[PDB]
Amino acid sequence: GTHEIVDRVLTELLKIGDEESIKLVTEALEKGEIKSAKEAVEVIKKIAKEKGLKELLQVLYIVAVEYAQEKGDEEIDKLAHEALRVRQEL
Amino acid sequence: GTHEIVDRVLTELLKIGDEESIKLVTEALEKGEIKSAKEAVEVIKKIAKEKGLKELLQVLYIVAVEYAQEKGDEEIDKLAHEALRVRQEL
Amino acid sequence: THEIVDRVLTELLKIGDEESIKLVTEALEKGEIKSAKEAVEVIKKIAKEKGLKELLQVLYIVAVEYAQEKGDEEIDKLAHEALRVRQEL
Amino acid sequence: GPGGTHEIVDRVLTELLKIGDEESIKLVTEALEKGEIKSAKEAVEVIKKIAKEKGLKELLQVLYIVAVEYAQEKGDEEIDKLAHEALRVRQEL
Amino acid sequence: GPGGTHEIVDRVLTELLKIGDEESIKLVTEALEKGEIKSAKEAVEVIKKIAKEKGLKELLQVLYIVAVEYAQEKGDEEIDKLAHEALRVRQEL
Ligand SMILES: [Zn+2]
Ligand SMILES: [Zn+2]
Ligand SMILES: [Zn+2]
Ligand SMILES: [Zn+2]
Ligand SMILES: [Zn+2]
């Protein structure tokens, strides 16, 4: 759950070589800050808004919206769209 | 249903950085208008024909034929081919 | 029923082959393609006459993956003919 | 049998088209039409030797990828061995 | 056994071909051929170690992706933990 969102975000960040978001996301994971898939999205969303990381929010939208689709989870879908909104409003 | 079409369109728009189409599509989604995948294709195709958005229609054709293929939806398949006809007539 | 032509147009789009999209969509409009086999035959014939190597490339890939998916030996045979027609242009 | 034959050969041909390698395409399609390839294992073996003879590191790369993924799919340990062989041939060129 | 070893090693090689990392391909094939690997988990540890000692950032990126997806497939928390270690080792290189 936690790792399912986080690990995929990490993988997608490596593909675009966003090394700073990789560092920040992994820290949040290791700080014990993530206990659910839902928690992963809000934490990663918050981090990206604070540091102005448009590509992190793009990755986050894609990963969460597919996780929500795959699991039938309406809450994750909401956070994914809200991530893009943060991305727009940067 | 609705989000099945819209969310993949947004994901594909993100992959090519079509920031203009992303604005319009999430705007259409947020406006509570779209109640079905068929309405999703209709609204996006009409947006993109009005604005002359070749890349949106291409993404629309692909997302909608593959959705119509998966679920057996003759109406959506028709709408995808109409998306493509408008694009070629741009 | 026309699974093959849909996958062909998606691939033609990526390479921006608007002429093949046109000619392929025309064949679809007229009711010509009602099965996988007729999909490959009609598209291969159209690519042979109009001299479209890129269409035959796309058709081979699409047809051969379709054949593998469904275990359809006649489509496989058709896919390789389209490749041969390409190699002789 | 031809089931495994075309799974190897057709995916190799698909990948060669993607990189535009007409030289390999002609070499593989002619070996297939000449009856040189009657099983998955022979496909790998024939394409591997063709590529070694002509120094086609790009064809061995495709062959390795297609063969090891087929070997994992079918649990075929002989395809897997040939696949690693293809990679070694590529590496020694 | 050899199944899990090759599921890890073979995909790493596949991904290394895609980025053209011939230095890593050689070091990985060398470790495979030397019977130094009995399981998927050992494959990850040995590849992670080589990549640390030779400073191979790209091998570690490939290793994380291969190992973390294998771990998800197999419900294998030990291999997941290795995958994140591989990313940390890359961060310090
Ligand atoms: Zn993990
Ligand atoms: Zn959604
Ligand atoms: Zn259609
Ligand atoms: Zn074939
Ligand atoms: Zn192997």
# chains A, B, ... in the order shown; residues from 1 in each chain; ligands from 1
>>> residues_around(residues="residue A:88", least_positions_apart="6", cutoff="10 Å", atoms="only C-alpha atoms", output="VMD selection string")
(chain A and resid 54 57 82) or (chain B and resid 19 22 to 23)
>>> calpha_fit_and_write(fixed="chain E", moving="chain D", output="PDB file with N, CA and C atoms, in the first residue's frame")
ATOM      1  N   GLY D   1      15.932 -19.785  -5.577  1.00  0.00           N
ATOM      2  CA  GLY D   1      16.394 -20.656  -6.645  1.00  0.00           C
ATOM      3  C   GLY D   1      16.612 -19.946  -7.969  1.00  0.00           C
ATOM      4  N   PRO D   2      17.088 -20.685  -8.977  1.00  0.00           N
ATOM      5  CA  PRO D   2      17.354 -20.067 -10.290  1.00  0.00           C
ATOM      6  C   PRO D   2      16.141 -19.421 -10.948  1.00  0.00           C
ATOM      7  N   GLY D   3      14.921 -19.748 -10.515  1.00  0.00           N
ATOM      8  CA  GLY D   3      13.744 -19.072 -11.027  1.00  0.00           C
ATOM      9  C   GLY D   3      13.800 -17.587 -10.730  1.00  0.00           C
ATOM     10  N   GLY D   4      13.966 -17.250  -9.449  1.00  0.00           N
ATOM     11  CA  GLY D   4      14.084 -15.853  -9.067  1.00  0.00           C
ATOM     12  C   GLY D   4      15.407 -15.233  -9.468  1.00  0.00           C
ATOM     13  N   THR D   5      16.487 -16.026  -9.451  1.00  0.00           N
ATOM     14  CA  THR D   5      17.792 -15.560  -9.916  1.00  0.00           C
ATOM     15  C   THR D   5      17.688 -14.894 -11.286  1.00  0.00           C
ATOM     16  N   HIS D   6      17.161 -15.628 -12.270  1.00  0.00           N
ATOM     17  CA  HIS D   6      17.169 -15.125 -13.638  1.00  0.00           C
ATOM     18  C   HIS D   6      16.139 -14.020 -13.846  1.00  0.00           C
ATOM     19  N   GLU D   7      15.041 -14.037 -13.095  1.00  0.00           N
ATOM     20  CA  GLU D   7      14.090 -12.938 -13.168  1.00  0.00           C
ATOM     21  C   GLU D   7      14.751 -11.609 -12.818  1.00  0.00           C
ATOM     22  N   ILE D   8      15.556 -11.587 -11.751  1.00  0.00           N
ATOM     23  CA  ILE D   8      16.300 -10.377 -11.404  1.00  0.00           C
ATOM     24  C   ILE D   8      17.382 -10.118 -12.439  1.00  0.00           C
ATOM     25  N   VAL D   9      18.250 -11.108 -12.664  1.00  0.00           N
ATOM     26  CA  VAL D   9      19.461 -10.879 -13.449  1.00  0.00           C
ATOM     27  C   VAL D   9      19.121 -10.599 -14.906  1.00  0.00           C
ATOM     28  N   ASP D  10      18.140 -11.316 -15.458  1.00  0.00           N
ATOM     29  CA  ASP D  10      17.890 -11.161 -16.886  1.00  0.00           C
ATOM     30  C   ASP D  10      17.259  -9.818 -17.184  1.00  0.00           C
ATOM     31  N   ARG D  11      16.369  -9.348 -16.297  1.00  0.00           N
ATOM     32  CA  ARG D  11      15.776  -8.022 -16.478  1.00  0.00           C
ATOM     33  C   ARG D  11      16.817  -6.917 -16.270  1.00  0.00           C
ATOM     34  N   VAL D  12      17.729  -7.089 -15.305  1.00  0.00           N
ATOM     35  CA  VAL D  12      18.839  -6.141 -15.176  1.00  0.00           C
ATOM     36  C   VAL D  12      19.652  -6.101 -16.472  1.00  0.00           C
ATOM     37  N   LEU D  13      20.031  -7.276 -16.984  1.00  0.00           N
ATOM     38  CA  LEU D  13      20.820  -7.322 -18.213  1.00  0.00           C
ATOM     39  C   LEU D  13      20.067  -6.680 -19.381  1.00  0.00           C
ATOM     40  N   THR D  14      18.778  -7.004 -19.528  1.00  0.00           N
ATOM     41  CA  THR D  14      17.939  -6.365 -20.547  1.00  0.00           C
ATOM     42  C   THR D  14      17.989  -4.837 -20.443  1.00  0.00           C
ATOM     43  N   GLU D  15      17.884  -4.301 -19.216  1.00  0.00           N
ATOM     44  CA  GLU D  15      17.891  -2.845 -19.053  1.00  0.00           C
ATOM     45  C   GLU D  15      19.267  -2.239 -19.336  1.00  0.00           C
ATOM     46  N   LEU D  16      20.342  -2.975 -19.036  1.00  0.00           N
ATOM     47  CA  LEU D  16      21.682  -2.471 -19.292  1.00  0.00           C
ATOM     48  C   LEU D  16      21.946  -2.400 -20.794  1.00  0.00           C
ATOM     49  N   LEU D  17      21.519  -3.424 -21.540  1.00  0.00           N
ATOM     50  CA  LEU D  17      21.598  -3.369 -23.002  1.00  0.00           C
ATOM     51  C   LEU D  17      20.896  -2.136 -23.552  1.00  0.00           C
ATOM     52  N   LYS D  18      19.742  -1.789 -22.980  1.00  0.00           N
ATOM     53  CA  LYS D  18      18.946  -0.667 -23.474  1.00  0.00           C
ATOM     54  C   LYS D  18      19.697   0.659 -23.382  1.00  0.00           C
ATOM     55  N   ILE D  19      20.492   0.852 -22.327  1.00  0.00           N
ATOM     56  CA  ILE D  19      21.312   2.053 -22.191  1.00  0.00           C
ATOM     57  C   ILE D  19      22.740   1.834 -22.654  1.00  0.00           C
ATOM     58  N   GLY D  20      23.058   0.660 -23.187  1.00  0.00           N
ATOM     59  CA  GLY D  20      24.377   0.428 -23.750  1.00  0.00           C
ATOM     60  C   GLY D  20      25.490   0.306 -22.735  1.00  0.00           C
ATOM     61  N   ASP D  21      25.208  -0.236 -21.549  1.00  0.00           N
ATOM     62  CA  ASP D  21      26.189  -0.241 -20.459  1.00  0.00           C
ATOM     63  C   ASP D  21      26.960  -1.561 -20.473  1.00  0.00           C
ATOM     64  N   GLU D  22      27.897  -1.675 -21.424  1.00  0.00           N
ATOM     65  CA  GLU D  22      28.654  -2.920 -21.573  1.00  0.00           C
ATOM     66  C   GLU D  22      29.486  -3.236 -20.333  1.00  0.00           C
ATOM     67  N   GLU D  23      29.955  -2.209 -19.612  1.00  0.00           N
ATOM     68  CA  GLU D  23      30.763  -2.435 -18.414  1.00  0.00           C
ATOM     69  C   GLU D  23      29.989  -3.251 -17.381  1.00  0.00           C
ATOM     70  N   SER D  24      28.758  -2.834 -17.074  1.00  0.00           N
ATOM     71  CA  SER D  24      27.918  -3.581 -16.136  1.00  0.00           C
ATOM     72  C   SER D  24      27.535  -4.955 -16.683  1.00  0.00           C
ATOM     73  N   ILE D  25      27.205  -5.035 -17.974  1.00  0.00           N
ATOM     74  CA  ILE D  25      26.855  -6.315 -18.584  1.00  0.00           C
ATOM     75  C   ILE D  25      27.947  -7.342 -18.312  1.00  0.00           C
ATOM     76  N   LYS D  26      29.197  -6.982 -18.603  1.00  0.00           N
ATOM     77  CA  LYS D  26      30.296  -7.911 -18.374  1.00  0.00           C
ATOM     78  C   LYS D  26      30.431  -8.253 -16.893  1.00  0.00           C
ATOM     79  N   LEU D  27      30.202  -7.281 -16.015  1.00  0.00           N
ATOM     80  CA  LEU D  27      30.357  -7.539 -14.589  1.00  0.00           C
ATOM     81  C   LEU D  27      29.262  -8.467 -14.058  1.00  0.00           C
ATOM     82  N   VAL D  28      28.016  -8.278 -14.505  1.00  0.00           N
ATOM     83  CA  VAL D  28      26.916  -9.105 -14.013  1.00  0.00           C
ATOM     84  C   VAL D  28      26.989 -10.513 -14.612  1.00  0.00           C
ATOM     85  N   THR D  29      27.175 -10.620 -15.940  1.00  0.00           N
ATOM     86  CA  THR D  29      27.287 -11.941 -16.568  1.00  0.00           C
ATOM     87  C   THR D  29      28.460 -12.749 -16.015  1.00  0.00           C
ATOM     88  N   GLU D  30      29.558 -12.100 -15.633  1.00  0.00           N
ATOM     89  CA  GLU D  30      30.665 -12.883 -15.094  1.00  0.00           C
ATOM     90  C   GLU D  30      30.360 -13.358 -13.675  1.00  0.00           C
ATOM     91  N   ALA D  31      29.708 -12.518 -12.866  1.00  0.00           N
ATOM     92  CA  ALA D  31      29.320 -12.949 -11.530  1.00  0.00           C
ATOM     93  C   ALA D  31      28.352 -14.120 -11.599  1.00  0.00           C
ATOM     94  N   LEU D  32      27.469 -14.120 -12.598  1.00  0.00           N
ATOM     95  CA  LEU D  32      26.514 -15.213 -12.736  1.00  0.00           C
ATOM     96  C   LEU D  32      27.210 -16.499 -13.155  1.00  0.00           C
ATOM     97  N   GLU D  33      28.124 -16.411 -14.123  1.00  0.00           N
ATOM     98  CA  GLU D  33      28.842 -17.601 -14.560  1.00  0.00           C
ATOM     99  C   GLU D  33      29.814 -18.125 -13.505  1.00  0.00           C
ATOM    100  N   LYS D  34      30.275 -17.277 -12.583  1.00  0.00           N
ATOM    101  CA  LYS D  34      31.172 -17.701 -11.510  1.00  0.00           C
ATOM    102  C   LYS D  34      30.446 -18.331 -10.317  1.00  0.00           C
ATOM    103  N   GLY D  35      29.126 -18.519 -10.389  1.00  0.00           N
ATOM    104  CA  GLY D  35      28.404 -19.096  -9.269  1.00  0.00           C
ATOM    105  C   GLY D  35      28.230 -18.173  -8.086  1.00  0.00           C
ATOM    106  N   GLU D  36      28.427 -16.872  -8.282  1.00  0.00           N
ATOM    107  CA  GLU D  36      28.249 -15.910  -7.201  1.00  0.00           C
ATOM    108  C   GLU D  36      26.784 -15.602  -6.907  1.00  0.00           C
ATOM    109  N   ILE D  37      25.855 -16.082  -7.735  1.00  0.00           N
ATOM    110  CA  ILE D  37      24.455 -15.672  -7.694  1.00  0.00           C
ATOM    111  C   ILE D  37      23.592 -16.926  -7.758  1.00  0.00           C
ATOM    112  N   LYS D  38      23.001 -17.317  -6.625  1.00  0.00           N
ATOM    113  CA  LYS D  38      22.212 -18.541  -6.571  1.00  0.00           C
ATOM    114  C   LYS D  38      20.777 -18.310  -6.117  1.00  0.00           C
ATOM    115  N   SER D  39      20.384 -17.064  -5.875  1.00  0.00           N
ATOM    116  CA  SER D  39      19.007 -16.740  -5.549  1.00  0.00           C
ATOM    117  C   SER D  39      18.746 -15.288  -5.920  1.00  0.00           C
ATOM    118  N   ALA D  40      17.454 -14.947  -5.978  1.00  0.00           N
ATOM    119  CA  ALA D  40      17.045 -13.565  -6.199  1.00  0.00           C
ATOM    120  C   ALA D  40      17.728 -12.618  -5.216  1.00  0.00           C
ATOM    121  N   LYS D  41      17.730 -12.980  -3.931  1.00  0.00           N
ATOM    122  CA  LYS D  41      18.313 -12.112  -2.910  1.00  0.00           C
ATOM    123  C   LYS D  41      19.806 -11.913  -3.140  1.00  0.00           C
ATOM    124  N   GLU D  42      20.524 -12.995  -3.447  1.00  0.00           N
ATOM    125  CA  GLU D  42      21.950 -12.897  -3.735  1.00  0.00           C
ATOM    126  C   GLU D  42      22.214 -12.094  -5.013  1.00  0.00           C
ATOM    127  N   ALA D  43      21.372 -12.258  -6.042  1.00  0.00           N
ATOM    128  CA  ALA D  43      21.494 -11.411  -7.231  1.00  0.00           C
ATOM    129  C   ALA D  43      21.501  -9.942  -6.839  1.00  0.00           C
ATOM    130  N   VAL D  44      20.479  -9.511  -6.108  1.00  0.00           N
ATOM    131  CA  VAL D  44      20.430  -8.118  -5.691  1.00  0.00           C
ATOM    132  C   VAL D  44      21.666  -7.773  -4.870  1.00  0.00           C
ATOM    133  N   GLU D  45      22.073  -8.678  -3.976  1.00  0.00           N
ATOM    134  CA  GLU D  45      23.194  -8.376  -3.091  1.00  0.00           C
ATOM    135  C   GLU D  45      24.492  -8.266  -3.877  1.00  0.00           C
ATOM    136  N   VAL D  46      24.742  -9.207  -4.788  1.00  0.00           N
ATOM    137  CA  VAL D  46      25.978  -9.178  -5.569  1.00  0.00           C
ATOM    138  C   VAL D  46      26.013  -7.965  -6.497  1.00  0.00           C
ATOM    139  N   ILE D  47      24.916  -7.712  -7.222  1.00  0.00           N
ATOM    140  CA  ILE D  47      24.908  -6.601  -8.168  1.00  0.00           C
ATOM    141  C   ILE D  47      25.030  -5.282  -7.427  1.00  0.00           C
ATOM    142  N   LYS D  48      24.388  -5.186  -6.257  1.00  0.00           N
ATOM    143  CA  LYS D  48      24.486  -3.974  -5.448  1.00  0.00           C
ATOM    144  C   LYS D  48      25.930  -3.693  -5.036  1.00  0.00           C
ATOM    145  N   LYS D  49      26.664  -4.719  -4.606  1.00  0.00           N
ATOM    146  CA  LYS D  49      28.033  -4.472  -4.160  1.00  0.00           C
ATOM    147  C   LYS D  49      28.955  -4.196  -5.343  1.00  0.00           C
ATOM    148  N   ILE D  50      28.765  -4.913  -6.454  1.00  0.00           N
ATOM    149  CA  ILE D  50      29.499  -4.600  -7.681  1.00  0.00           C
ATOM    150  C   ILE D  50      29.336  -3.129  -8.030  1.00  0.00           C
ATOM    151  N   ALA D  51      28.093  -2.639  -7.993  1.00  0.00           N
ATOM    152  CA  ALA D  51      27.830  -1.269  -8.421  1.00  0.00           C
ATOM    153  C   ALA D  51      28.399  -0.264  -7.428  1.00  0.00           C
ATOM    154  N   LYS D  52      28.337  -0.578  -6.131  1.00  0.00           N
ATOM    155  CA  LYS D  52      28.935   0.316  -5.142  1.00  0.00           C
ATOM    156  C   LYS D  52      30.441   0.430  -5.329  1.00  0.00           C
ATOM    157  N   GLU D  53      31.111  -0.700  -5.568  1.00  0.00           N
ATOM    158  CA  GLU D  53      32.562  -0.712  -5.719  1.00  0.00           C
ATOM    159  C   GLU D  53      33.013   0.108  -6.918  1.00  0.00           C
ATOM    160  N   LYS D  54      32.252   0.073  -8.017  1.00  0.00           N
ATOM    161  CA  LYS D  54      32.620   0.776  -9.238  1.00  0.00           C
ATOM    162  C   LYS D  54      31.875   2.098  -9.431  1.00  0.00           C
ATOM    163  N   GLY D  55      31.104   2.546  -8.436  1.00  0.00           N
ATOM    164  CA  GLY D  55      30.391   3.818  -8.539  1.00  0.00           C
ATOM    165  C   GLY D  55      29.326   3.877  -9.621  1.00  0.00           C
ATOM    166  N   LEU D  56      28.728   2.739  -9.978  1.00  0.00           N
ATOM    167  CA  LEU D  56      27.831   2.659 -11.140  1.00  0.00           C
ATOM    168  C   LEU D  56      26.404   3.029 -10.728  1.00  0.00           C
ATOM    169  N   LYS D  57      26.156   4.341 -10.642  1.00  0.00           N
ATOM    170  CA  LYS D  57      24.825   4.828 -10.280  1.00  0.00           C
ATOM    171  C   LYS D  57      23.766   4.363 -11.276  1.00  0.00           C
ATOM    172  N   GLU D  58      24.151   4.163 -12.537  1.00  0.00           N
ATOM    173  CA  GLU D  58      23.175   3.701 -13.518  1.00  0.00           C
ATOM    174  C   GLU D  58      22.803   2.251 -13.267  1.00  0.00           C
ATOM    175  N   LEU D  59      23.736   1.443 -12.741  1.00  0.00           N
ATOM    176  CA  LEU D  59      23.389   0.054 -12.453  1.00  0.00           C
ATOM    177  C   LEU D  59      22.535  -0.063 -11.189  1.00  0.00           C
ATOM    178  N   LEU D  60      22.714   0.848 -10.223  1.00  0.00           N
ATOM    179  CA  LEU D  60      21.908   0.811  -9.003  1.00  0.00           C
ATOM    180  C   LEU D  60      20.485   1.249  -9.299  1.00  0.00           C
ATOM    181  N   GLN D  61      20.344   2.203 -10.225  1.00  0.00           N
ATOM    182  CA  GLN D  61      19.027   2.628 -10.664  1.00  0.00           C
ATOM    183  C   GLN D  61      18.270   1.452 -11.260  1.00  0.00           C
ATOM    184  N   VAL D  62      18.874   0.781 -12.246  1.00  0.00           N
ATOM    185  CA  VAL D  62      18.273  -0.420 -12.817  1.00  0.00           C
ATOM    186  C   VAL D  62      17.976  -1.450 -11.723  1.00  0.00           C
ATOM    187  N   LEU D  63      18.942  -1.675 -10.821  1.00  0.00           N
ATOM    188  CA  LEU D  63      18.758  -2.675  -9.773  1.00  0.00           C
ATOM    189  C   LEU D  63      17.575  -2.314  -8.879  1.00  0.00           C
ATOM    190  N   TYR D  64      17.494  -1.047  -8.443  1.00  0.00           N
ATOM    191  CA  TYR D  64      16.356  -0.640  -7.623  1.00  0.00           C
ATOM    192  C   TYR D  64      15.041  -0.945  -8.340  1.00  0.00           C
ATOM    193  N   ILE D  65      14.932  -0.531  -9.613  1.00  0.00           N
ATOM    194  CA  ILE D  65      13.668  -0.672 -10.330  1.00  0.00           C
ATOM    195  C   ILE D  65      13.299  -2.145 -10.434  1.00  0.00           C
ATOM    196  N   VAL D  66      14.231  -2.960 -10.922  1.00  0.00           N
ATOM    197  CA  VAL D  66      13.981  -4.392 -11.098  1.00  0.00           C
ATOM    198  C   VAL D  66      13.639  -5.068  -9.765  1.00  0.00           C
ATOM    199  N   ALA D  67      14.370  -4.722  -8.696  1.00  0.00           N
ATOM    200  CA  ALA D  67      14.173  -5.391  -7.407  1.00  0.00           C
ATOM    201  C   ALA D  67      12.853  -5.003  -6.753  1.00  0.00           C
ATOM    202  N   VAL D  68      12.515  -3.701  -6.709  1.00  0.00           N
ATOM    203  CA  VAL D  68      11.258  -3.347  -6.037  1.00  0.00           C
ATOM    204  C   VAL D  68      10.059  -3.862  -6.805  1.00  0.00           C
ATOM    205  N   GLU D  69      10.151  -3.940  -8.131  1.00  0.00           N
ATOM    206  CA  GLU D  69       9.013  -4.464  -8.872  1.00  0.00           C
ATOM    207  C   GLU D  69       8.909  -5.974  -8.672  1.00  0.00           C
ATOM    208  N   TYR D  70      10.056  -6.660  -8.599  1.00  0.00           N
ATOM    209  CA  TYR D  70      10.055  -8.068  -8.216  1.00  0.00           C
ATOM    210  C   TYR D  70       9.525  -8.256  -6.795  1.00  0.00           C
ATOM    211  N   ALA D  71       9.967  -7.412  -5.851  1.00  0.00           N
ATOM    212  CA  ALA D  71       9.516  -7.549  -4.468  1.00  0.00           C
ATOM    213  C   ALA D  71       8.006  -7.397  -4.370  1.00  0.00           C
ATOM    214  N   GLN D  72       7.429  -6.461  -5.121  1.00  0.00           N
ATOM    215  CA  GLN D  72       5.980  -6.318  -5.092  1.00  0.00           C
ATOM    216  C   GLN D  72       5.302  -7.523  -5.743  1.00  0.00           C
ATOM    217  N   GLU D  73       5.883  -8.027  -6.834  1.00  0.00           N
ATOM    218  CA  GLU D  73       5.333  -9.184  -7.536  1.00  0.00           C
ATOM    219  C   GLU D  73       5.301 -10.427  -6.646  1.00  0.00           C
ATOM    220  N   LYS D  74       6.401 -10.719  -5.956  1.00  0.00           N
ATOM    221  CA  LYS D  74       6.505 -11.926  -5.146  1.00  0.00           C
ATOM    222  C   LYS D  74       6.132 -11.711  -3.681  1.00  0.00           C
ATOM    223  N   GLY D  75       5.698 -10.515  -3.296  1.00  0.00           N
ATOM    224  CA  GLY D  75       5.519 -10.211  -1.888  1.00  0.00           C
ATOM    225  C   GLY D  75       6.768 -10.451  -1.057  1.00  0.00           C
ATOM    226  N   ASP D  76       7.950 -10.195  -1.628  1.00  0.00           N
ATOM    227  CA  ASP D  76       9.237 -10.508  -0.991  1.00  0.00           C
ATOM    228  C   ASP D  76       9.767  -9.279  -0.253  1.00  0.00           C
ATOM    229  N   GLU D  77       9.605  -9.257   1.068  1.00  0.00           N
ATOM    230  CA  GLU D  77      10.039  -8.098   1.847  1.00  0.00           C
ATOM    231  C   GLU D  77      11.561  -7.982   1.948  1.00  0.00           C
ATOM    232  N   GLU D  78      12.307  -9.076   1.799  1.00  0.00           N
ATOM    233  CA  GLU D  78      13.759  -8.926   1.856  1.00  0.00           C
ATOM    234  C   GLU D  78      14.318  -8.325   0.561  1.00  0.00           C
ATOM    235  N   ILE D  79      13.790  -8.720  -0.603  1.00  0.00           N
ATOM    236  CA  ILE D  79      14.182  -8.041  -1.839  1.00  0.00           C
ATOM    237  C   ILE D  79      13.886  -6.547  -1.738  1.00  0.00           C
ATOM    238  N   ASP D  80      12.702  -6.189  -1.228  1.00  0.00           N
ATOM    239  CA  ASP D  80      12.343  -4.775  -1.134  1.00  0.00           C
ATOM    240  C   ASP D  80      13.345  -4.009  -0.272  1.00  0.00           C
ATOM    241  N   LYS D  81      13.743  -4.575   0.878  1.00  0.00           N
ATOM    242  CA  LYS D  81      14.742  -3.910   1.721  1.00  0.00           C
ATOM    243  C   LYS D  81      16.056  -3.707   0.973  1.00  0.00           C
ATOM    244  N   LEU D  82      16.550  -4.762   0.320  1.00  0.00           N
ATOM    245  CA  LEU D  82      17.774  -4.640  -0.472  1.00  0.00           C
ATOM    246  C   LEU D  82      17.627  -3.580  -1.557  1.00  0.00           C
ATOM    247  N   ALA D  83      16.439  -3.494  -2.160  1.00  0.00           N
ATOM    248  CA  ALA D  83      16.188  -2.525  -3.224  1.00  0.00           C
ATOM    249  C   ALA D  83      16.319  -1.096  -2.712  1.00  0.00           C
ATOM    250  N   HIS D  84      15.662  -0.788  -1.596  1.00  0.00           N
ATOM    251  CA  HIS D  84      15.850   0.523  -0.986  1.00  0.00           C
ATOM    252  C   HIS D  84      17.298   0.754  -0.561  1.00  0.00           C
ATOM    253  N   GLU D  85      17.997  -0.302  -0.122  1.00  0.00           N
ATOM    254  CA  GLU D  85      19.421  -0.167   0.199  1.00  0.00           C
ATOM    255  C   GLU D  85      20.215   0.259  -1.031  1.00  0.00           C
ATOM    256  N   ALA D  86      19.988  -0.429  -2.159  1.00  0.00           N
ATOM    257  CA  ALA D  86      20.628  -0.061  -3.416  1.00  0.00           C
ATOM    258  C   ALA D  86      20.412   1.409  -3.732  1.00  0.00           C
ATOM    259  N   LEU D  87      19.186   1.903  -3.545  1.00  0.00           N
ATOM    260  CA  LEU D  87      18.908   3.310  -3.805  1.00  0.00           C
ATOM    261  C   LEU D  87      19.697   4.214  -2.854  1.00  0.00           C
ATOM    262  N   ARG D  88      19.791   3.827  -1.576  1.00  0.00           N
ATOM    263  CA  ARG D  88      20.564   4.629  -0.633  1.00  0.00           C
ATOM    264  C   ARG D  88      22.038   4.647  -1.021  1.00  0.00           C
ATOM    265  N   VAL D  89      22.598   3.485  -1.378  1.00  0.00           N
ATOM    266  CA  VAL D  89      23.976   3.444  -1.865  1.00  0.00           C
ATOM    267  C   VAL D  89      24.148   4.404  -3.033  1.00  0.00           C
ATOM    268  N   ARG D  90      23.262   4.306  -4.035  1.00  0.00           N
ATOM    269  CA  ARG D  90      23.298   5.216  -5.178  1.00  0.00           C
ATOM    270  C   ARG D  90      23.270   6.665  -4.729  1.00  0.00           C
ATOM    271  N   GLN D  91      22.457   6.971  -3.722  1.00  0.00           N
ATOM    272  CA  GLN D  91      22.288   8.363  -3.325  1.00  0.00           C
ATOM    273  C   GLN D  91      23.514   8.899  -2.599  1.00  0.00           C
ATOM    274  N   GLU D  92      24.251   8.030  -1.901  1.00  0.00           N
ATOM    275  CA  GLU D  92      25.396   8.485  -1.123  1.00  0.00           C
ATOM    276  C   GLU D  92      26.668   8.577  -1.957  1.00  0.00           C
ATOM    277  N   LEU D  93      26.717   7.916  -3.115  1.00  0.00           N
ATOM    278  CA  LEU D  93      27.817   8.099  -4.064  1.00  0.00           C
ATOM    279  C   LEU D  93      27.838   9.509  -4.616  1.00  0.00           C
TER     280      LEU D  93
END
>>> residues_near_ligand(ligand="ligand 3", cutoff="10 Å", atoms="only C-alpha atoms and all ligand atoms", output="ChimeraX atom specification")
/B:61,64-66,68-69,73-82 /C:1-7,9,25,28
>>> closest_atom_pairs(of="chain C", to="ligand 4", cutoff="9 Å", atoms="only C-alpha atoms and all ligand atoms", output="CSV")
residue,atom,partner,partner_atom_place_in_ligand_line,distance
C:64,CA,ligand 4,1 (Zn),6.2
C:67,CA,ligand 4,1 (Zn),8.1
C:68,CA,ligand 4,1 (Zn),8.3
C:73,CA,ligand 4,1 (Zn),8.2
C:75,CA,ligand 4,1 (Zn),8.7
C:76,CA,ligand 4,1 (Zn),4.9
C:77,CA,ligand 4,1 (Zn),6.5
C:78,CA,ligand 4,1 (Zn),8.8
C:79,CA,ligand 4,1 (Zn),7.1
C:80,CA,ligand 4,1 (Zn),6.3
>>> write_last_selection(atoms="N, CA, C and O atoms", output="compact mmCIF listing (two decimals), in the first residue's frame")
# COMPACT_ATOMS: atom_id res chain seq x y z
N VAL C 64 0.89 -9.44 -36.56
CA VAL C 64 1.64 -10.53 -35.93
C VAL C 64 1.40 -10.57 -34.43
O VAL C 64 1.34 -11.65 -33.82
N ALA C 67 -1.98 -12.07 -34.07
CA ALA C 67 -1.95 -13.52 -34.28
C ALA C 67 -1.44 -14.23 -33.03
O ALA C 67 -2.06 -15.18 -32.55
N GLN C 68 -0.32 -13.74 -32.47
CA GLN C 68 0.19 -14.31 -31.22
C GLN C 68 -0.88 -14.27 -30.12
O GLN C 68 -1.06 -15.25 -29.39
N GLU C 73 -3.34 -18.57 -36.91
CA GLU C 73 -2.26 -18.87 -37.85
C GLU C 73 -2.46 -18.16 -39.19
O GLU C 73 -1.48 -17.80 -39.83
N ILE C 75 -3.70 -15.15 -39.76
CA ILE C 75 -3.27 -13.75 -39.69
C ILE C 75 -1.75 -13.67 -39.71
O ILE C 75 -1.17 -12.83 -40.41
N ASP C 76 -1.08 -14.56 -38.98
CA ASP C 76 0.37 -14.65 -39.04
C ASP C 76 0.86 -14.74 -40.49
O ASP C 76 1.68 -13.93 -40.94
N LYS C 77 0.34 -15.72 -41.24
CA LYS C 77 0.68 -15.86 -42.66
C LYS C 77 0.45 -14.56 -43.43
O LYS C 77 1.26 -14.17 -44.28
N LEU C 78 -0.66 -13.88 -43.14
CA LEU C 78 -0.94 -12.62 -43.79
C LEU C 78 0.08 -11.55 -43.41
O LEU C 78 0.56 -10.80 -44.27
N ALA C 79 0.43 -11.47 -42.11
CA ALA C 79 1.44 -10.51 -41.66
C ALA C 79 2.75 -10.67 -42.42
O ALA C 79 3.36 -9.68 -42.83
N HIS C 80 3.21 -11.90 -42.62
CA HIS C 80 4.50 -12.10 -43.29
C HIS C 80 4.44 -11.74 -44.78
O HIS C 80 5.43 -11.27 -45.34
